[PDB]
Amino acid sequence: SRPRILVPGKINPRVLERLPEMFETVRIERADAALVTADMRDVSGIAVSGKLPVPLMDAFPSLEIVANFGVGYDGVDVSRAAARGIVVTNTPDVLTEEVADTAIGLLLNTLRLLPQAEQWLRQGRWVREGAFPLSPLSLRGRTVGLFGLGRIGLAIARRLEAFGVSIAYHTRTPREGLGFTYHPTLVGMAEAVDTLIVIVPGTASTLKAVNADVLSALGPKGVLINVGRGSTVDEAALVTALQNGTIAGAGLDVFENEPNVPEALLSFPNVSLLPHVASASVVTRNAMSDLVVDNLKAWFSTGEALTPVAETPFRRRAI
């Protein structure tokens, strides 16, 4: 009858609310193949946030589609999905402006120490000790390099244009038409700028791209902001750079092994840390939920997904 969709582990309840429009939902408490039972072998689709282990994906012989919750889909083995003729979809565009907003807020919090200033006030220190100390850093006069200048990178750049800072970017291919300075290497951009915003996907090509050399080039007024994926930053090298004063500060929304954050990173008074919140408003998460479900609905009703990923430009063949 109706296609059966597996939802492994946690997902926004709006996905679960709307799947009954067309589907039966099969739930397992974590993304683990050991929890797959014999009566689940007819599942035809997955809706998932985060990791989809290959053994779990491969437990389903009739699987046609993985609808990833999020624009980043590095938790899905897209190479393996493609090899099996399985379409993978993501949630681009509906979160672009939200994530760009968060990126700017994180940058300002990192530079001006706004969260720290609020803690000073809330702990009664304004009354008892007087003004919060002046922030050594400011956005004024900074030069910002965007590592990534895609949907979200461009949206961040557009915001930054209005703040009166210089904007440069690094990507594998330049985007002609824009009036921003292209750098063909990450390290060369880092040299040239004092503020590096990371907004690339977490792929093999970006793994630990922000390394000791890049951090050294960024320099002693350097501020690193990561709103992409944790894997793109060498977290150990960042902790070392911060400890040595190789750079001035950092703002991070994403980490190597979420929800674990290394103890050393928590120590620094010149670092802002967020628990992967860049898209995490009710409105934007509702829109992401809608796009996951609408991808599944489009696939099963029309054979054409709404937002398939680049690696799987597929159309449904019904078997």
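Heads up: residue numbers just count along the shown sequence, starting at 1. For clarity, a rigid core is taken as the largest C-alpha set superposing within 1.5 Å between two forms.
Colleague: After a core fit, does 38-46 or 257-265 show the bigger CA gap to the shown form in 5 other deposited structures of this protein?
Modeller: The more displaced stretch in 5 other deposited structures of this protein turns out to be 38-46.
Colleague: Out of 175-183 and 224-232, which one drifts farther from the shown form in 5 other deposited structures of this protein in terms of CA positions, with the fit done on the rigid core?
Modeller: More C-alpha displacement in 5 other deposited structures of this protein shows up in 224-232.
Colleague: Report, as yes or no, whether residue 166 is left without coordinates in at least one third of the other compared entries.
Modeller: No.
Colleague: Are coordinates for residue 203 absent in a third or more of the other compared PDB entries?
Modeller: Residue 203: unmodelled in a third or more of the comparison entries.
Colleague: I need to verify one thing: averaged over C-alpha atoms only, is the B-factor higher for 100-108 or for 156-164?
Modeller: Looking at the record's C-alpha B-factors, the answer is 156-164.
Colleague: Looking at the entry, does 253-261 or 270-278 show the higher mean C-alpha B-factor?
Modeller: Comparing 253-261 with 270-278, the higher mean C-alpha B-factor belongs to 253-261.
Colleague: Considering only 225, 113, 139, 189, which residue's Cα atom bears the greatest B-factor as recorded?
Modeller: Answer, based on the entry's C-alpha B-factors: 189.
Colleague: Checking the record values for 181, 195, 89, 119, which has the greatest CA B factor?
Modeller: The listed residue with the largest C-alpha B-factor is 181.
Colleague: If you rank every modelled residue in this chain by C-alpha B factor, which third holds residue 147: lowest, middle or highest?
Modeller: For residue 147, the deposited C-alpha B-factor lands in the highest third.
Colleague: Going by the entry, which third of its chain does the Cα temperature factor of residue 41 land in?
Modeller: Highest third - that is where residue 41 ends up once the chain's C-alpha B-factors are sorted.
Colleague: Looking at the entry's B-factor column for C-alpha atoms only, identify whether residue 7 ranks in the lowest, middle or highest third of its chain.
Modeller: Its C-alpha B-factor, which the entry lists for residue 7, ranks in the lowest third among residues of this chain.
Colleague: Taking the values exactly as deposited, rank residue 294 by C-alpha B-factor within its chain and report the matching third: lowest, middle or highest.
Modeller: It falls in the bottom third of the chain.
Colleague: Quick one: classify residue 77 as lowest, middle or highest third of the chain based on its Cα B-factor.
Modeller: Residue 77: CA B-factor falls in the lowest third of its chain.
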